[PDB]
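# Structural features, examined
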Amino acid sequence: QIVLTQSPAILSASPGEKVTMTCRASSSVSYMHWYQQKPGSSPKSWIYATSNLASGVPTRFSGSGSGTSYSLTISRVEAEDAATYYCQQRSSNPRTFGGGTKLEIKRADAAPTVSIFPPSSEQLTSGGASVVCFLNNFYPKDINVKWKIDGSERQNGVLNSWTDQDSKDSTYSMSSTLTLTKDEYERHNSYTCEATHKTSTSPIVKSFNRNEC
Amino acid sequence: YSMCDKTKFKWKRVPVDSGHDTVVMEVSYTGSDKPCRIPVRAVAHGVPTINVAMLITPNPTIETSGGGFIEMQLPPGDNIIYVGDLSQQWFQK
Amino acid sequence: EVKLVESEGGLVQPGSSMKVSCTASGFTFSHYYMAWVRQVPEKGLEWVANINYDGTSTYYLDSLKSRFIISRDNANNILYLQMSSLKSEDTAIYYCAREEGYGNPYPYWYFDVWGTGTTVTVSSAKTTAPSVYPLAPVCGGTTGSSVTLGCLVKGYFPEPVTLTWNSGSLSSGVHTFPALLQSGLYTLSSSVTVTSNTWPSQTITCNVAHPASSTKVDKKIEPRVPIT
Ligand code: NA
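Moving on to the interface of chain C and chain B. On the chain B side, the residues contacting the 18 residues of chain C number 14 residues. For the pair chain C and chain B, the summed buried area comes to about 1200 Å², and 50% of that belongs to carbon and sulfur atoms. Contact with chain B buries area across many residues of chain C, yet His31(C), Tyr53(C) and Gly103(C) alone supply 43% of it, more than any other trio. Applying the counting criterion to the chain C and chain B interface returns 4 salt bridges. Across the pair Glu100(C) and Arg41(B) runs a salt bridge whose closest N-O atoms are separated by 3.1 Å. Counting every contact that joins chain C to chain B gives 9 residue pairs in polar contact. Among the elements of the structure, β9 (92-100) and β10 (110-114) of chain C are those that each provide at least two residues to the side of chain C that touches chain B.

So, in structure tokens, the structure goes:
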């Protein structure tokens, strides 16, 4: 089966500039098609038969190529263009898909909005205790989180999960969960979530005390 | 001209026999990119890669008002007509 | 509009069978070739099968030709995929898709409409329902014109679950985070931010469904009170 090589794997660009992503085939093909996919939904026809735009696609997009080398170009990128784009050939049996190019849109640096949550009464009744911290709507994607219990750093039992880029404001978000047992949670009082981002040398700190209110 | 949006068509008069071995039909269009060219195709049921719609109306077009009138001749047998997203079965002779 | 809606997936043991379907509306179904395409974790998209107008011809990916059968019922507007002797390598998201390009050579043809997708999991593990926990702010509360609430879905298998806020009537200010795997079980969380004059003067509800365990839960977010 024909192998399709998309480059780059991640394309990062500032709003207003022109970009080009490429798809190379291991053997010659007579047409190439392109599809767009956003997180949580299915792929969508974007360009068909090398250079024809699907219904609703803005004329800032175009496509070209022949033989073993095809491409897709955006004249002036916009925030809503953030997505993954796949190429596909149907000239040889079986038809095959490329690996995708993810488009990221740059914006001004932004600090996160931080919120902390103690374990729920229902989980404490069941015997567990999870402490959750939300770090929302920041840029760029790199960020660090540190947990502190009664003033001492804790590293075991932390799980972090990042979203993909928001197509409305070009930001990212991340959730961090610290898991303890009920008795372990009941033996300490202060719980702290600290977020360090390139927007400031000092961290953003949120905390609570177990026995208050 | 540029092609109309294939997803914005509606049958106005479904295909019928013209009385002289051709097929006639009428459609309507709700897009705002007017005027534009209408995409028209037809295939034999067994051979879907070959267009057999021999047009009597050259370059059917949606103007800034009114609908679209299309007339074609088809080979004998079972065929399928495509107008944008619209479709219709037609048996000839 | 043209629309394709797939049936429910589920979990099945290696060597067993399963059947999925796809219901079409908004076009004349018998006038289009149809196909199945799957999305595999950490590998991408891969074509599976397709079928002509009346079902007299079918085509398969060579490494699947013995385990998969595609068929259709034109009068009832439905497409089928039947799987047997399943392997772990068959776990994926399966999409229904319509073909386009008639009147041109085959290399011109493409997929112009795609379905919503359904997940099939091939495993020897047991189904586990999740626990759903509401996350209200710290007691005593904070000032400010906005408040953030949370929802934690912990310890389920297999994927996926569906989470909404107020049955989908809350869209802006929502962040749902990708699930993570830990010791064989998944966990997921979500946050929503509303104005201080929104909650608690209006009810806010986390809606969670897990088909494989037949779980459906609606969790209201309540202010914290001391309990002994
Ligand atoms: Na909101």
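Moving on to the environment of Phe61(A). All names here are of chain A. Here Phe61 lies in strand β7 (residues 61-74). Residue classification places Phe61 among the buried positions, given a relative accessible area of 3%. Taking the C-alpha atoms as reference points, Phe61 and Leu103, separated by 42 residues in sequence, lie 13 Å from one another. If near-sequence neighbours (up to four positions away) are discounted, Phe61 is found in contact with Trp46, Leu53, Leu72, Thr73, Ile74, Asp81 and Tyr85.

Glancing now at the interface of chain C and chain A. With 45 residues of chain C in contact, the opposing surface of chain A contributes 45 residues. In this structure, the salt-bridge partner of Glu99(C) is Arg90(A), at a minimum N-O distance of 3.0 Å. Examining the composition of the side of chain C that touches chain A, we find that 5 residues originate from one element, strand β13 (residues 146-156) of chain C, more than from any other. Of the residues that constitute the side of chain C that touches chain A, the class distribution is 27 nonpolar, 12 polar and 6 charged.

Moving on, we get to the pattern of salt bridges. Residue and element names in this part refer to chain A. For the structure on display, the rule yields 21 salt bridges over all chains. Among the salt bridges present, the one from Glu184 reaches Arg154, with a minimum N-O distance of 3.1 Å. With a gap of 30 residues between them, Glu184 in helix α2 (residues 182-186) and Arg154 in strand β14 (residues 152-154) connect regions that are remote in the sequence.

What follows deals with unusual backbone geometry. A cis amide bond links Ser7(A) to the next residue, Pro8(A), at an omega of -5°. Inspection of the secondary structure puts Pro8(A) in the loop between β1 (4-7) and β2 (10-13). Look at the link from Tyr139(A) to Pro140(A): it is a cis peptide, with omega at 0°. Tracing the backbone through its elements, the reader meets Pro140(A) in the loop between β12 (128-138) and β13 (144-149). Notably, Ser167(C) is not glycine yet its phi reads approximately 60°, a positive angle. Summarising the element assignment, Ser167(C) is placed in the loop between β14 (162-165) and β15 (174-176).

This brings us to the side chain of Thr22(B). All names here are of chain B. With respect to the helices and strands, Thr22 occurs in the loop between β1 (9-17) and β2 (23-29). The class of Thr22 is buried, set by a relative accessible area of 7%. One polar contact links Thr22 to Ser18, side chain to side chain, over a distance of 2.5 Å. In terms of polar contacts, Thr22 uses its side chain to reach the side chain of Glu71, at 2.7 Å. Setting aside residues no more than four positions away along its own chain, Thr22 makes contact with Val16, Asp17, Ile56, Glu71, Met72 and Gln73.

Residue placement: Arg95(A) occurs in the loop between β8 (83-89) and β9 (96-97). A residue is classified by how much of its surface remains accessible, and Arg95(A), at 9% relative accessible area, is buried. Within the structure, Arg95(A) has its side chain in polar contact with the side chain of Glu99(C) (distance 3.1 Å). Those residues in contact with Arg95(A) that sit more than four places away from it in its chain are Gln88(A), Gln89(A), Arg90(A), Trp47(C), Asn50(C), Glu99(C) and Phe111(C).

Let us look at the coordination of the sodium ion. The sodium ion binds to the protein through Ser172(C) (O) and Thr193(C) (O); the donor distances cover 2.4 to 3.1 Å. With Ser172(C) in the loop between β14 and β15 and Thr193(C) in strand β17 (residues 185-195), the pair connects residues that are 21 residues apart, well separated along the chain.

One finds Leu4(C), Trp36(C), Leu79(C), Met83(C), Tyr102(C), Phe111(C) and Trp114(C) to be the most contacted residues of the largest nonpolar core, which totals 50 residues. If we skip the residues at most four places from it in the chain, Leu4(C) touches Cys22(C), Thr23(C), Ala24(C), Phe27(C), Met34(C), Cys96(C), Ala97(C), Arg98(C), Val113(C), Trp114(C), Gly115(C) and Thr116(C). One finds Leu11(A), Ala13(A), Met21(A) and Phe61(A) within the second-largest nonpolar core, a separate group that totals 26 residues.

Let us now look at the sheet that holds β1(A). Residues and elements named next belong to chain A. Strand order in the open sheet formed by 3 strands is β1-β3-β7, and the pairing between neighbours is antiparallel. Lying at the two open borders of the sheet, with one neighbouring strand each, are β1 and β7. With direction set aside, neighbouring strand axes in the sheet form an average angle of 20°.

All names here are of chain C. Sheet architecture is open: 4 strands sit in the order β1-β3-β8-β7, paired in antiparallel fashion. Lying at the two open borders of the sheet, with one neighbouring strand each, are β1 (3-6) and β7 (68-73). Within this sheet the neighbouring strands show an average axis-to-axis angle of 20°, counted without direction. Pairing geometry for strand β3 (residues 18-25) and strand β8 (residues 78-83), over 6 bridges, is antiparallel. Each bridged residue has a counterpart across the sheet, and for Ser21 the counterpart in β8 is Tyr80.

For the rest of this paragraph, the subject is the packing of aromatic side chains. Any aromatic ring pair is given by two values, namely how distant the centres are and how the planes are angled relative to each other. One pass over the structure, following the stated rule, counts 28 aromatic pairs over all chains. With a centroid separation of 5.1 Å and an interplanar angle of 10°, the aromatic rings of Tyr82(B) and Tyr102(C) are classed as stacked. Of this pair, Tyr82(B) sits in strand β8 (residues 77-83) while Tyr102(C) sits in the loop between β9 and β10, on two different chains. Since its relative accessible area comes to 1%, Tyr82(B) is described here as buried. What makes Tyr102(C) buried here is its relative accessible area of 0%.

Conventions used here
Residues numbered from 1 in each chain as written, not as in the entry; some residues may be left out. Chains lettered and ligands numbered in written order. Heavy atoms only, no water. Residues with missing side-chain atoms left out of burial classes, pairs and counts. Contact = heavy atoms within 4.5 Å. Buried area = accessible area lost by both parts, 1.4 Å probe. Salt bridge = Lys/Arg side-chain N within 4 Å of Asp/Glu carboxyl O. Polar contact = N/O pair within 3.5 Å; in protein donor to acceptor, adjacent residues only side chain to side chain. Helix = DSSP H or I, 4+ residues; strand = E, 2+ residues; numbered from the N terminus. Buried < 20%, exposed > 50% of the residue type's maximum accessible area, 1.4 Å probe, protein only. Nonpolar A, V, L, I, M, F, W, Y, C, P; charged D, E, K, R; others polar. Donors = N, O, S within 2.8 Å, 3.2 Å for Na, K, Ca; no water. Core = buried A, V, L, I, M, F, W, Y, C linked by side-chain atoms within 4.5 Å. Pairing = 2+ DSSP bridges. Axes fitted to C-alpha atoms, helices over the stretch in contact; angles between N-to-C directions. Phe/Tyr/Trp six-rings, centres within 6.5 Å; stacked < 30°, edge-to-face > 60°.

Purely geometric stuff here, so don't read any function into it on its own.
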